[PDB]
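So here's one chain in two forms, each on its own in structure tokens, numbered structure 1 and structure 2.
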Structure 1
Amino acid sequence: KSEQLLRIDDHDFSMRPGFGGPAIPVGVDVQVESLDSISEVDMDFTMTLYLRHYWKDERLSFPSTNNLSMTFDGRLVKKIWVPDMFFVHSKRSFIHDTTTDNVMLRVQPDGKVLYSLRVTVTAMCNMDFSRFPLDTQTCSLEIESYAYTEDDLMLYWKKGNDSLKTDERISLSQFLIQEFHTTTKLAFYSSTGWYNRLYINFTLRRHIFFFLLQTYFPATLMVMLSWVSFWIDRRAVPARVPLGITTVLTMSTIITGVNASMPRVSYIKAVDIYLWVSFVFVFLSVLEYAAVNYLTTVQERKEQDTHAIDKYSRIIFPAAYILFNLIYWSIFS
């Protein structure tokens, strides 16, 4: 029996290696396999990865006439001491178990141990949509020991920034992913003390041109279309009135359609500001002709060429819209 080469029953494996003395160092490496999904309303993301641990335990040393190591599956884990890592700020997680538990332990003749397992985790990520669709988001995944403070267990990245590897084909449907890197920081709990925490960081961006074409283009086109009435004969009332009211209806249907396709976030975003300013411009173009028609009727009744209001509007409306665009795009980049 291979489990008799390790004196399992001759040691108390409820205590850590080196108990009573200096803390035992534990090194960590991570390989990220995929990014599975992201939820903008609930503000979280899901990832699948391999987690690997390295440490030494003299109680597991065994004699050998060669330098070959022994390999075990998950059934040995319950018989020896292993580190208790957990994911901070997570919502749910599990360890894969088909066709059996995806775990393993490799033991060297001198007592060095490698511990490897495959896991899927869902983690929280606070997002800010004020600048949508030109926003940028930063997310992180955090790893910590549940029960051992830094006086008993010292947790660190085994090879610095070389400890993190990512799959060549990692992708998300609606985002671009960039800038993976690692950091570390100490955390304090008033109940028990100081703990080491490890971080994996990355950044997300959107495809700007899709949103420009889908949203900003039609609204600008409809605003430009409302200016055509300034060049039409003021005596053609049955042509001037329906044009304005139909332009208002078209802009309203565009805004409703755009609202139906964005994530349901109930606060003001940049694209909403652009759309409602455009709507106001279209509304004012109808008030202009109402004033022109009333004044012309008054003059004809009193008495019994282009009106000045049309002449000024032909210049004033586009200049104001251009100024609004300059200010908007200088503010929102």
Structure 2
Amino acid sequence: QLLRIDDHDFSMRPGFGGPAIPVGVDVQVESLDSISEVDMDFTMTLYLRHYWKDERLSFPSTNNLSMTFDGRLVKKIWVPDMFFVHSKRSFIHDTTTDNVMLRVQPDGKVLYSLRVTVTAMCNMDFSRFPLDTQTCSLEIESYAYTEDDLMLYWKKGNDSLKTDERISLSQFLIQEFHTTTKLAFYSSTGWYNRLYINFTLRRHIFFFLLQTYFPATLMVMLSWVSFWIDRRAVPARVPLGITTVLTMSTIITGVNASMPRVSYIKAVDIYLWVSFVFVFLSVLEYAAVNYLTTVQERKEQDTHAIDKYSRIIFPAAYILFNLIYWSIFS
């Protein structure tokens, strides 16, 4: 055997009982699988690499070049114990074998690689849905060793994060990948060092626009045509308002069937509910004209001024509301 595995005890870290051992980390992101709003999490697949030195793995050679081993020797040597903080579930691919790589230099330098899929929690705010921007992060930390025994740092500073050119999402836009570092404290174990991977997401508005705002505006404009019909055609102006109310209710239910039950109001609800009031007030206007006409004719025993005023009042108010709404929320 080239390596003297049987001559050492690998249940203790290198430099046991002494100074800490530095460990480097490199990360390459392969793809983002899915994003969930009800559960508030996301999925990511990446390659994780570790760098450290162990003098117990030295072997004699002349070329001074890295040598690759099959990978089943990992269960016989010491290996770091990194884990993902605030994760829900994760696994390692094992087809057709474990996706593990192990390269050892003659002096004792070791390279270790893995391929994992991780689901992690991300807190999102929907106060501007569906015109919002979200920020998420992925955290890496050692589980058993504190900063007094294991120091964790990025191998090459910012240049330690690589991304695939095929990363794409059908619903979002991904930008601004960067890495940071911070310390963590646990009340009963000690201090630990954390690594972060940050990115930003932006939503696409075209689908939501064409699927929600256009039908609502169409129904609102359809509600207006009743003002141009003679009041003597009783079975001609009530069905318009009734069907517009029904369609607005159906649209509201369909839109609300998707997002989770938050405790605050979203941007889309403001537009939909105001448009419901405009349609609702249309029915009341006709009832007022009908009642006034009956009272006026009773005392005695053309177009009324109410319709002529409404034909100009309603569109101006709707346009002003739309301008304000699209100026506030951009």
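What we label the rigid core is the largest C-alpha set whose atoms superpose within 1.5 Å from one form to the other. Every residue number counts along structure 1's sequence, beginning with 1.
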TODO: Compare C-alpha positions between the two structures after fitting on the rigid core and state which of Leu153, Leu141, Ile254, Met85 moves by at least 2 angstroms.
DONE: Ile254
Open item on the list: For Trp227, does the CA position differ by 2 Å or more between the two structures when the superposition is done on the rigid core?
Closed with: yes
Open item on the list: Rigid core aligned, does the Cα position of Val280 differ by 2 Å or more between the two structures?
Closed with: no
Open item on the list: If I superpose the two forms on their rigid core, does the C-alpha of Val26 end up displaced by 2 Å or more between the two structures?
Closed with: no
TODO: Determine, in Å, the CA shift of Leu323 between the two structures after the rigid core is used for superposition.
DONE: 3.4
TODO: With the core fitted, just quote the Cα shift at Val107 between the two structures, in angstrom to one decimal.
DONE: 0.7
Open item on the list: When the rigid core is overlaid, by how much has the CA of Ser61 moved between the two structures, in Å to one decimal?
Closed with: 1.2
